[PDB]
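Counting convention: from 1, in listed order, for ligands and their atoms alike. Position 1 is the first residue of the sequence, and the numbers go up from there. As a basis for the values below, the full set of heavy atoms in this structure was taken, side chains included, without hydrogen atoms, waters or symmetry mates.
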Amino acid sequence: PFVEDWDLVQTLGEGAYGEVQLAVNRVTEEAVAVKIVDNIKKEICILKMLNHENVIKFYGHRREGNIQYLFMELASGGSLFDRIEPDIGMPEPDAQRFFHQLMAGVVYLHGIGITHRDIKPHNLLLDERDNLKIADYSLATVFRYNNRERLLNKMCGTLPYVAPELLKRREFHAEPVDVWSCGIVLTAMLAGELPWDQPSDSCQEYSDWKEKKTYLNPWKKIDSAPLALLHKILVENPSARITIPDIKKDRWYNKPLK
Ligand SMILES: CC(C)n1cc(-c2cc(-c3ccc(CN4CCOCC4)cc3)cnc2N)nn1
């Protein structure tokens, strides 16, 4: 349980992509996280680009035979997932703060031409001051390079978080897909429940939303101001969907909260 100066003291995450260990340096006592895996070339390359307070820092990597070691910022708060009370959510002001921090993260990624592709509470970690960090770049990819956008075609992510275009279109724009998933995260924070299994015309809950039946759950647990924002985010047509610059002008986004 040791790689060079570091001891691998306990497990933080398991199986998802290899496993995540708490790494404590026996000399310096500094603690980091280490992702251990038995594609990784791409992930490492994207990881080396990331420099922002709401993105997980990459420290470096060591290959030791079969096993790759990715040293990363430790987020000792654990995940957003664990702060969401099932069926309840969390207090609206804590949700708003996390949403602000999530948008700052996403703007940053998009600005360097990176799309995360699997935004959800498991991948949103918290430092010891409750600062949000976007983690896990194993599905991340370049969508803008030398100022030219490339459309995506791989279907990936997590179904309850994916945008509907990803199930219907041969190719689609990256940015509105990440925006959509941020809106399902906002729903989850505010209601402690996901609104649908997947955003397909065969999913009854998704049909209900498109028919504006917001007297059903989870929408009826959400105040009208954040709900008005969720109406602009979870819009089926990605070219009509709100963009982040416009999210930042929204009334609830700018509402002062406890
Ligand atoms: C997304 C993937 C899962 N991952 C996780 C991490 C990561 C995870 C943690 C972390 C994970 C869990 C806890 C607390 N637990 C113990 C395991 O029972 C769930 C709660 C605390 C920190 C800290 N720092 C990271 N950098 N980095 N990448």
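Near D136, the atoms of ligand 1 lying under 4.0 angstrom from a non-hydrogen atom of the residue are 1 (C). Under a 4.0 Å criterion applied to the non-hydrogen atoms of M72, ligand 1 contributes the atoms 26 (N), 27 (N), 28 (N). Shown in contact with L12 at under 4.0 Å from a heavy atom are these atoms of ligand 1, numbered in order with element: 10 (C), 11 (C), 12 (C), 17 (C), 22 (C). Annotation for ligand 1: atoms under 4.0 Å from non-hydrogen atoms of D82 are 19 (C), 20 (C). Ligand 1 places these atoms under 4.0 Å from at least one heavy atom of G78: 13 (C), 21 (C), 22 (C). Applying the 4.0 Å criterion to heavy atoms of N123 picks out, from ligand 1, the atoms 1 (C). When each atom of ligand 1 is checked for a heavy atom of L74 under 4.0 Å away, the hits are 23 (C), 24 (N).
Close N/O approach between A75 and ligand 1 is found [any backbone or side-chain N/O within under 3.5 Å].
Screening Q198, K120, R117 against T158 for a side chain to side chain donor-acceptor pair (under 3.5 Å) leaves a single residue, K120. Exactly one of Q21, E19, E43 qualifies for a side chain to side chain donor-acceptor pair (under 3.5 Å) with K35. That residue is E43.
Among all heavy-atom pairs drawn from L230 and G183, the shortest one is CD2-O, 3.3 Å. For the pair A240 and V235, the tightest heavy-atom approach, listed with the atom from each and the gap, is CB-CG1, 3.8 Å.
Heavy atoms of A33 found under 4.0 angstrom from ligand 1 belong exclusively to the side chain. With a 4.0 Å cut-off on non-hydrogen atoms, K35 does not touch ligand 1 at all. Heavy atoms of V20 found under 4.0 angstrom from ligand 1 belong exclusively to the side chain.
Panel note: side chain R241, backbone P176; a donor-acceptor pair is recorded below 3.5 Å.
Taken to the nearest 0.5 Å, the CD1 atom of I134 stands 5.0 Å off from the CG atom of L109.
By the 30° and 60° cut-offs, the orientation of the rings of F58 relative to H61 is parallel.
Within the structure, the ring pair (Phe, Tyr, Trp, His ring centres under 6.0 Å) test picks out the following pairs touching residues 117-142 (sequence neighbours left out): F81-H122, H116-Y137.
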